[PDB]
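Each remark here refers to the structure printed beneath this line.
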Ligand SMILES: Nc1ncnc2c1ncn2[C@@H]1O[C@H](COP(=O)(O)OP(=O)(O)OP(=O)(O)O)[C@@H](O)[C@H]1O
Ligand SMILES: Nc1ncnc2c1ncn2[C@@H]1O[C@H](COP(=O)(O)OP(=O)(O)OP(=O)(O)O)[C@@H](O)[C@H]1O
Ligand SMILES: [Mg+2]
Ligand SMILES: [Mg+2]
């Protein structure tokens, strides 16, 4: 996080049992997510 | 024209069982490699080999 | 999951909810009134979100006696009504509770009243012509099976008489399951219809449910949907052709305007809803005949203040195929079937579907009536003295024919005390051709009042 | 220093500036828009101050593809357009960019669009008898050099053909410079006009500018101002007679009404923007001939639904002295000029400076037409047989006069194969005197329609 | 070769089905298409359909192919736009219509034109349809639409009942383009017939 | 030719059945394989490592700016005055 | 038959081609909604008349821009929207696909067939709003239309 953003970044962690794994980060308006549920939903929604 | 419509309906009532005849073997052979498709899907969804 | 009421005004009520859970749109909520004399529960319906975990809602019952802080519970589901084969033969209320035998039901299937119109590939055009004993109907605008029928008119011009006459004809000549509904009716008409149906020994196969004048507008907006829901249940599962009757659809639209004024939405032209086209379109398209399911409907529509420019019938014009109209002037003339021939229109009428003789006779009758209407302005002041004989002949012919369009239906049995009559279409067309030929011009005018057939015409004429 | 954008909706944009940075009213402002497919340079002009360095304005281009946070820069000046002698024979937009050559016209000196009205101390009325070849204008409403003459009528009356014929007939016999400006008109008409002027050698002698309807209303506020700026630059400096021709003036009034509605100003009763008469007076005064310079202005005014109770045509008339209007009933009769003689009037028709021969010509024709309008409906309904001998002869005379007034125009060549014709003034006076004294009552009805001259009348009489 | 595109707005699906059936019986479906926006849908589709049809036409327009465009109705679009604007808390106008509506119509009707020979021989024509009540023209919507068109035809029910099946009123109908479009033989054979009928 | 059109229509119906079956098997087998096979405790750590590597390899991005104008200026001036005035602040002061 | 085998092979090719990737984009929240309209908070990189997505698969268009709110209209189904959703900008002005395969078929305004069968081979997509040709690019009209 310090590499991508020059400013120091604090951490506030929230436990999410709904997700099957991965990790999600939000530094404000932007967001990054790697989630099994999200990826499988994306895979199935584009099957046809 | 009514005769032609009737013969067209006869061809339709032949095709309406022809597709079922083909679909019987279609559904018989659909699951030939379904496990392989699932394995490829898992490999892609996880990013590594299964 | 406990709600609290914060602000109330009129039939519209606000509610607040915990941040964790907020109900989704179109969900029923239960309340209570703690007053002794006015003890009653209320069913509320979600309308819209206003942020801060606030929800606006509409009451299904009169809202008097409510106090703030009353707990509100949610069932997490839309409004549902009972469906089953044994439903017919009973009268129902807006909420679905049986009226004649309280507590009846609650064990049949239960379905929601909000759905989606059928897809595009399942629809199909229909052209089956449907006949009736009336002559003015099948002469100008024949009715088509599986389409829509419209009876436009003003106030107190005998729409209900025509409706009950048609239902009598259809019940007597044909069977099949039937559903009747209605909004904006008087209880006396309800009692009269119930008694008549009990006498007819056909009320067992007719589903009945209707609101009245003195109800909150929410019921006046939901009863039509409930009736349409049960009709759709009969059409889909049973695979049977269904008869449907609805009455005074206009009131429905009116109700919406009222509630809009309470929500705070911006008003539109002539003080109507900001949006009205979409609801009318979705309600109209919900009635649709499938290939394996033919459904015939007939709706009576009101016209306010005897003006045709208002948007209420203007939008309805676009959703209709067979339409008949009434006028005040024709009723004032004296003939009771006050149907305007120059204004009525239909879409089934075409030489490819109808015989050439019918088309030609109809065109000639329309031309004669239009010419008489055109000369009505000039004849109004001078009269017939200045007018030439070449037009006097057509004047006499037009007067005779427009008097011949009258008829004595059975529906007047309790007013004039005389039996009605029915006429086959072939006799009607041959008689009208004879009359247009001018053979009957020597006969007196007053012989053509309230007559059934040409044989009765001749008998009455010779009787004087 | 620069500001930012805070609110975006429709064309109206409001921006924010720091301390000591607010510009005065009516300054050009540049905004930059970036996109893969839509790259432009928004030009805006200041409209009003909202306080706290928040200023609201409109835009000269559609606001598609905009994003908040984009800086806005100020040039510290009002709108300016290049002028000069090389401007002749070129096409320009509202901003002044040369359409024919994108890079042309970027070196001439520039003048501010806004100006000041001329002093009242240098005003003198202009009197002169300028004559054309057409009978109706020659006899009914003679034109005056240096004054204002306007056209009136509803939709599709044929005034564009009239203005085209007028410019074709006059520009050939003229040594001065002409400037044409189109506030609102279809692209096809402008392209056809450009092609037609290219077909002749007079195109080099004139200047062209116009704006289309597809542009936002902001561009429809300044085209007339740009034309007036060019006209005043030519007139004040060159000291030569100039021609300023305006297609319409209703369009910019419309666009002002809509922009004012968007600005949040309270509308008036009819819906027009308030202080519209102020804008009318500000615009109309710019066209003025001083003691040393002469300028002629041609304009046609569109009326909505041919309703003369609308305050806009009434307030636009007050700036006019010699006027000619058009009617739809006479067009429906079959006459192409379609000029109503009863209501059309001038300000130079009098025995003081013109012979009284014309005076009693006009009085005879006008009284004849007035009594003919009085007896029209009587001859229509009662019948010609009941009229008196004097009335019958007068009605025949009025029919002769009404039929004789029509005349072909060369601009109708593309519509009708018959070529047009031109007739001088004295012969028309003699012919009308002959007609109105009652010697040509023996000619047939068709012999007086679409007649070139008296000899043409004789030839067509010999043709029947 | 002429390619035509038909656009329908806010009509019962049965009407579109009947039109498609009649056209299929005609057998032209090898070179046509239909854009459907049934009245049961939301306001967005009704508001947007003509633009989609116009873009589809423009794509073939730039290629040099002649294209024909027909709009089923236009008042429905104005109604949908008015409803949207009133929902979005915008200020109203003359009988509750937004002011800028006229501009919209211009942006829809200015696209049709004929390209110069440099870019090809493509052409494009449109036949917008307007519905009126009690043959009234005083309502400003027909007035606004009229002023941005090159010619119009008036139809009345009285002539329909009289016996004239086309029921077009020659007294008011007019075309500004004139006879330059029609063939020279037509111009030689027929001339000033509208006048003669008028007298 | 229209009959051939309906022939292609029934081919499309077969395609629809194919899509439904493929979707059913795909969702079922994917859900079971992700809730049964990869549910091993070490898989969480492996996924975290891969996610960290992915976030490492991505190109750097630019970030800035971390309510009225007059209010903001007044707040800034007050903050500056506080900073210039709190020099002698004591533990109890 | 072998046609269904090839369809399954293409389905597997899609399976052997799916690769979802993380990307950088901004989000927003629905403050309120109703009657087919909705409001969005934040999301400062929006564009006038730009398309945006919704969690349920429906699409929205930004009409007006307030300094701290964005009003948008729902195109399709709107009864599956509640406060607290997530929105994503597409960073592209509304556009429609076009192709010659559209002949002889019926489509919704967006461009998805509703009554036809199969799909459409669209070579390009073009923006809905463009600029009309200028006077210099036009020419007179002479051909007849019978
Ligand atoms: N054929 C007829 N025979 C006898 N009376 C008739 C006939 N047609 C109409 N009427 C009279 O006209 C009136 C119609 O009354 P009715 O209650 O049916 O009116 P409506 O128009 O259906 O009602 P609403 O006020 O709800 O529109 C009654 O007075 C009835 O007697
Ligand atoms: N002398 C004439 N002979 C034949 N046709 C004529 C003549 N004068 C005008 N017309 C006809 O009148 C129309 C000319 O339209 P024009 O542009 O002049 O009308 P307008 O009154 O300016 O209306 P708008 O602004 O609504 O277009 C054409 O249809 C043309 O054929
Ligand atoms: Mg009644
Ligand atoms: Mg004109």
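Using ideal geometry, Cβ is built from the backbone for each residue, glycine included, and neighbour counts are taken over all protein chains shown. All of this is worked out from the model, or read from it or from the source named; no laboratory instrument gave them.
Which of the residues spanning the range G:98-112 are loosely packed, with under 15 Cβ neighbours inside 10 Å and at the interface with chain E (Cβ under 7 Å from one of its Cβ atoms)?
Restricting attention to the range G:98-112, the residues satisfying the condition of being loosely packed, with under 15 Cβ neighbours inside 10 Å are G:100-101, G:103-104, G:112.
Selection gives G:103, G:104.
Could you pull out the residue among D:267, D:337 that is assigned by CATH to the domain that holds residue D:153 and under 29 Å from residue E:198 (Cβ atoms)? Give the steps one after another, and end with the answer.
Values: D:267 fails: under 29 Å from residue E:198 (Cβ atoms).
Going through D:267, D:337 in turn, the sole match is D:337.
Among the residues of the range E:11-21, is there at least one that is within 11 Å of chain C (Cβ to nearest Cβ), touching a helix residue (DSSP H, G or I) at 6+ places or on another chain (Cβ under 9 Å) and surrounded by 21 or more Cβ atoms within 10 Å (Cβ to Cβ)?
Yes, that holds for at least one residue.
The rows are residues; the columns are (1) more than 30 Å from residue E:27 (Cα to Cα); (2) at the interface with another protein chain (Cβ under 7 Å from one of its Cβ atoms); (3) over 17 Å from the mean Cα position of the chain (by Cα).
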position	(1), (2), (3)
G:81	yes, no, yes
G:84	yes, no, yes
G:93	yes, yes, no
G:96	no, yes, no
G:118	no, yes, yes
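Do you know which residues across the range E:122-157 are over 21 Å from residue D:188 (Cβ atoms) and part of a strand (DSSP E or B)?
E:155
For (1) surrounded by 15 or more Cβ atoms within 10 Å (Cβ to Cβ); (2) assigned to a loop (DSSP other than H, G, I, E, B), each residue gets a yes or a no:
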site: C:315; (1), (2): yes, no
site: C:318; (1), (2): yes, no
site: C:324; (1), (2): yes, no
site: C:336; (1), (2): yes, yes
site: C:354; (1), (2): no, yes
site: C:358; (1), (2): yes, no
site: C:370; (1), (2): yes, no
site: C:383; (1), (2): no, yes
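Within the range C:238-277, how many residues turn out to be surrounded by 16 or more Cβ atoms within 10 Å (Cβ to Cβ), out of contact with any helix residue (DSSP H, G or I) (no Cβ under 7 Å at 6 or more places or on another chain) and facing chain E (nearest Cβ under 10 Å)?
1
Those residues that are part of a helix (DSSP H, G or I), away from ligand 4 (no atom under 16 Å from the Cβ) and farther than 30 Å from residue C:368 by Cβ, I need them from the range E:159-181; list them, please. Give the derivation first.
Initial filter on the range E:159-181 (part of a helix (DSSP H, G or I)): E:159-162, E:178-180.
Filter once more, keeping what is away from ligand 4 (no atom under 16 Å from the Cβ): E:159-162, E:179-180.
Result: E:179, E:180.
Among the residues of the range E:114-137, are any under 16 Å from residue D:154 (Cα atoms) and away from ligand 3 (no atom under 16 Å from the Cβ)?
In the first step, residues of the range E:114-137 are kept if they are under 16 Å from residue D:154 (Cα atoms); the result is E:136-137.
Those left that are additionally away from ligand 3 (no atom under 16 Å from the Cβ): E:136-137.
Yes: one or more hits.
Residue by residue through the range G:126-142, note down the ones that are closer than 24 Å to residue D:36 by Cα and assigned to a loop (DSSP other than H, G, I, E, B). Break it down into steps so the answer makes sense when it comes.
First, the residues of the range G:126-142 that are closer than 24 Å to residue D:36 by Cα: G:126-134.
Hits for the range G:126-142 are G:128, G:129, G:130, G:131, G:132, G:133, G:134.
Can you tell me how many residues within the range E:61-75 are assigned to a helix (DSSP H, G or I) and more than 17 Å from residue G:137 (Cα to Cα)? Walk me through it before giving the result.
First pass over the range E:61-75, keeping only residues assigned to a helix (DSSP H, G or I): E:61-63, E:75.
Of the ones still in play, those that are also more than 17 Å from residue G:137 (Cα to Cα) are E:75.
Selection size over the range E:61-75: 1.
Can you tell me which residue within the range D:408-425, out of those that are part of a loop (DSSP other than H, G, I, E, B), more than 12 Å from chain E (Cβ to nearest Cβ) and more than 23 Å from the chain's Cα centre (by Cα), is surrounded by the most Cβ atoms within 10 Å (Cβ to Cβ)?
First, pick out the residues of the range D:408-425 that are part of a loop (DSSP other than H, G, I, E, B): D:408-409, D:413-424.
Filter once more, so that each one left must be more than 12 Å from chain E (Cβ to nearest Cβ): D:409, D:419-424.
Keeping just the survivors that are more than 23 Å from the chain's Cα centre (by Cα) gives D:419-424.
Values: D:419: 11, D:420: 17, D:421: 15, D:422: 14, D:423: 19, D:424: 12.
Checked the range D:408-425; the qualifying residue surrounded by the most Cβ atoms within 10 Å (Cβ to Cβ) is D:423.
More than 16 Å from ligand 2 (Cβ to nearest atom), surrounded by 14 or more Cβ atoms within 10 Å (Cβ to Cβ) and under 21 Å from the mean Cα position of the chain (by Cα): is that true of residue C:162 in this structure? Quick ask: steps written out before the conclusion?
Values: more than 16 Å from ligand 2 (Cβ to nearest atom): yes; surrounded by 14 or more Cβ atoms within 10 Å (Cβ to Cβ): yes; under 21 Å from the mean Cα position of the chain (by Cα): yes.
Yes.
Could you go through the range C:150-166 and let me know if any residue there is more than 16 Å from ligand 3 (Cβ to nearest atom), closer than 30 Å to residue C:332 by Cβ and part of a helix (DSSP H, G or I).
Restricting attention to the range C:150-166, the residues satisfying the condition of being more than 16 Å from ligand 3 (Cβ to nearest atom) are none.
There is no residue in the range C:150-166 that is more than 16 Å from ligand 3 (Cβ to nearest atom), closer than 30 Å to residue C:332 by Cβ and part of a helix (DSSP H, G or I).
Check C:193, C:139, C:208 and return the single one that is away from ligand 2 (no atom under 16 Å from the Cβ), under 30 Å from residue C:402 (Cα atoms) and either surrounded by 20 or more Cβ atoms within 10 Å (Cβ to Cβ) or more than 14 Å from the chain's Cα centre (by Cα) (or both).
Working: C:193 fails: under 30 Å from residue C:402 (Cα atoms); C:208 fails: under 30 Å from residue C:402 (Cα atoms).
Being away from ligand 2 (no atom under 16 Å from the Cβ), under 30 Å from residue C:402 (Cα atoms) and either surrounded by 20 or more Cβ atoms within 10 Å (Cβ to Cβ) or more than 14 Å from the chain's Cα centre (by Cα) (or both) holds for just one of C:193, C:139, C:208, which is C:139.
With respect to the numbered conditions (1) more than 23 Å from residue E:51 (Cβ to Cβ); (2) touching a strand residue (DSSP E or B) at 6+ places or on another chain (Cβ under 6 Å); (3) at the interface with chain D (Cβ under 10 Å from one of its Cβ atoms), which one is the sole condition not fulfilled by residue E:167?
(3)
Do we have any residue at all in the range A:21-43 that's facing another protein chain (nearest Cβ under 7 Å), within 20 Å of residue B:37 (Cα to Cα) and loosely packed, with under 15 Cβ neighbours inside 10 Å?
yes
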